[PDB]
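Novice: Residues 3 to 125, 127 to 253, 255 to 261, numbered by PDB author numbering, are exactly what the sequence shown covers, in order.
All C-beta atoms, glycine included, are put in the ideal place defined by N, C-alpha and C.
Before anything else, here's the structure in question.
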Amino acid sequence: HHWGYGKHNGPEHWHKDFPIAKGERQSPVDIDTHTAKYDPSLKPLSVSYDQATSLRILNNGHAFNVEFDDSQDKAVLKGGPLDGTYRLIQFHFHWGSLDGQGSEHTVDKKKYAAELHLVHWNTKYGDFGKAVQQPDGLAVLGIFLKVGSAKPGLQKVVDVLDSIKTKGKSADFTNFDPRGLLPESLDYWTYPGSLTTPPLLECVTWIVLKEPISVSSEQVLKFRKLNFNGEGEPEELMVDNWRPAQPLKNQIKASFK
Ligand SMILES: NS(=O)(=O)c1ccc2c(c1)[C@H]1CCC[C@H]1[C@@H](c1ccccc1Cl)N2
Ligand SMILES: [Zn+2]
C-alpha cells in the first residue's frame, strides 16, 4: 500500500509515512503575484544546457523521467538566487486528466495543464543523494504548460512514450536537447521549498518561470495514455499526478517588475 495519487494513497495520506508533509517549507505553493516582491538584487538565471547528455527515459510509476549524465559539469544552472553550480540530473512533468488542471504551482490560484520540473543538484555536495539531505541541495526549474500551439522541441519525448507505457519500463533517449523546452523569457519567482512527492524533503530552491510554454492538445493527450500500473496489471491511466498547493507559512521573490 505505497504512496500515489489515488483516493486511498494520494496527497492527503502522505503525512502518515512522511510526516514532513506537514512541515514548514513544503511545495508546491500558490504564487500570489501581487504579494511576491521584486528583489532587484536577484541575478539573471544562467541556464547552460549546450553540452547536456540525455541517456534514458523511465516510467517510474508516478511520472516519466528523462535522465542525464551528471558525472561532469555538462548542463548546469547558476545565478538567480543560487550560490554555486547546480547540475542537471533529470526532468519530468506533472499533468491533469483535463486541460484545466495538472500544474503543481498555481499563479493567483490559476492551474495550468501541466508543469515541467528540471531537477538540479548542488555540486558542493558531491552526489544527488547527499544533496537532498541539505537545505540548499537542489534547484528545481519549474515551467508551466498551457494547451495551444505545439512545442516542437517536446515531440521527441511524446513519440517515445509508447515504448514506456507501464511502470518500470525504460528506453534509450540520447541526444535530446532540453533547450527546446524553454520559453523566451527567464523571468522567475523563487522561494525555499521541498520535493513535491515523497520523501517530501525540504531541500529545494524553487525557481518558477513566469512565461508558460504552449503544447498542443495532441501532445498532452499522449501524456495521458501512460499508465501508473506495471505491464500485465489492471490499466490505470497516469493522470492527475500533481500535489495541490501547500501552506506558505513563514516570502516569494520576483526577478522582475
Ligand atoms: N517533483 S520534484 O521535482 O519536487 C521531485 C520529487 C521527487 C524526487 C525528485 C524530484 C528527484 C529530485 C530530488 C530527489 C529526486 C527523487 C529521488 C530519487 C532517487 C533518490 C532519492 C530521491 Cl529523493 N525524488
Ligand atoms: Zn516534479
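Could you tell me which of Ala248, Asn253 and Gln255 sits nearest to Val31, measuring between CA atoms?
Specialist: Minimum Cα distance to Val31 is reached at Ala248.
Novice: Where does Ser50 sit, in a helix, a strand or coil, going by DSSP?
Specialist: Strand, per DSSP.
Novice: Considering Cα atoms alone, identify which of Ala174, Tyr40 and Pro83 is closest to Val207.
Specialist: Per the Cα distances, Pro83.
Novice: Mind listing, in chain order, the continuous beta strand (DSSP E) runs of no fewer than 3 residues lying wholly within the stretch 127 to 161?
Specialist: Taking only runs of at least 3 residues, the beta strand (DSSP E) segments lying wholly in the stretch 127 to 161 are 141 to 150.
Novice: Going along the chain, which residues of its own chain have a beta-carbon closer than 8 Å to the beta-carbon of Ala116, five neighbours each way excluded?
Specialist: Closer than 8 Å at the Cβ level, and outside the excluded window around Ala116, lie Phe95, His96, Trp97, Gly98, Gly104, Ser105, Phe147, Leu148, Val218, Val223 and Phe226.
Novice: Taking the alpha carbon of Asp190 as the reference point, which residue from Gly196, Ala174, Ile210 and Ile59 has its own alpha carbon closest?
Specialist: Residue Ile210 is the option with its Cα nearest to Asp190.
Novice: Hey, would you say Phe176 sits closer than 8 Å to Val49, going by beta carbons?
Specialist: No, the Cβ-Cβ distance between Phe176 and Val49 is not below 8 Å.
Novice: Taking the alpha carbon of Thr37 as the point to measure from, which residue in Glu236, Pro237 and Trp192 has its own alpha carbon closest?
Specialist: Closest by alpha carbon: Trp192.
Novice: May I ask you to list the residues that DSSP assigns as paired with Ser220?
Specialist: For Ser220, which the question treats as bridged, DSSP gives no partner whatsoever.
Novice: Hey, how far is the Cα of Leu120 from the Cα of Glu236?
Specialist: Straight-line Cα distance between these residues: approximately 30 Å.
Novice: Tell me whether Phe231 sits in a helix, a strand or coil according to DSSP, three-state version.
Specialist: Residue state, collapsed to three classes: coil.
Novice: Would you give the residue range spanned by the beta strand (DSSP E) that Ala174 belongs to?
Specialist: Its beta strand (DSSP E) spans residues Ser173 to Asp175.
Novice: In three-state terms, what does DSSP make of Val121?
Specialist: The answer is strand: DSSP assigns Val121 an E or B state.
Novice: For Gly140, count the other beta carbons within 10 Å of its own beta carbon; 16 or more makes it buried, fewer makes it exposed. Which is it?
Specialist: It counts as buried.
Novice: Rounded to whole angstroms, what is the Cα-Cα separation between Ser152 and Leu47?
Specialist: Taking the straight line joining both Cα atoms gives about 26 Å.
Novice: Is it right to say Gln53 is buried, meaning 16 or more other beta carbons lie within 10 angstroms of its own, or is it exposed?
Specialist: Flag for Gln53 reads exposed.
Novice: Measure from the alpha carbon of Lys228 to the alpha carbon of each residue in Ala65, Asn124 and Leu44, then state which is nearest.
Specialist: With distances taken between Cα atoms, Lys228 lies closest to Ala65.
Novice: For ligand 2, enumerate in chain order all residues having a CB closer than 6 Å to any of its heavy atoms.
Specialist: For ligand 2, the selected residues are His94, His96, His119 and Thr199.
Novice: What residue range does the beta strand (DSSP E) around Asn178 cover?
Specialist: No beta strand (DSSP E) contains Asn178, which DSSP labels as neither H nor E.
Novice: Helix, strand or coil for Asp165? Go by DSSP, reduced to three states.
Specialist: Correct three-state label for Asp165: helix.
Novice: What residue range does the beta strand (DSSP E) around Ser56 cover?
Specialist: Residues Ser56 to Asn61.
Novice: Whole angstroms are fine: how far does the CA of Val150 sit from the CA of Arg182?
Specialist: Their Cα atoms are separated by approximately 19 Å.
Novice: Between which two residues does the beta strand (DSSP E) harbouring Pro195 extend?
Specialist: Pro195 -> beta strand (DSSP E) spans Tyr191 to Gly196.
Novice: Can you tell me whether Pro13 sits near ligand 1, meaning its C-beta is under 7 Å from at least one heavy atom of the ligand?
Specialist: Answer for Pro13: no, Cβ out of range of ligand 1.
Novice: Does the separation of the CB atoms of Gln28 and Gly233 fall below 8 Å?
Specialist: Result no, Cβ atoms of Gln28 and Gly233 do not sit closer than 8 Å.
Novice: Please find out if some non-hydrogen atom of ligand 1 comes closer than 7 Å to the beta-carbon of residue 254.
Specialist: Shown without residue 254, the model has the chain running from 253 straight on to 255.
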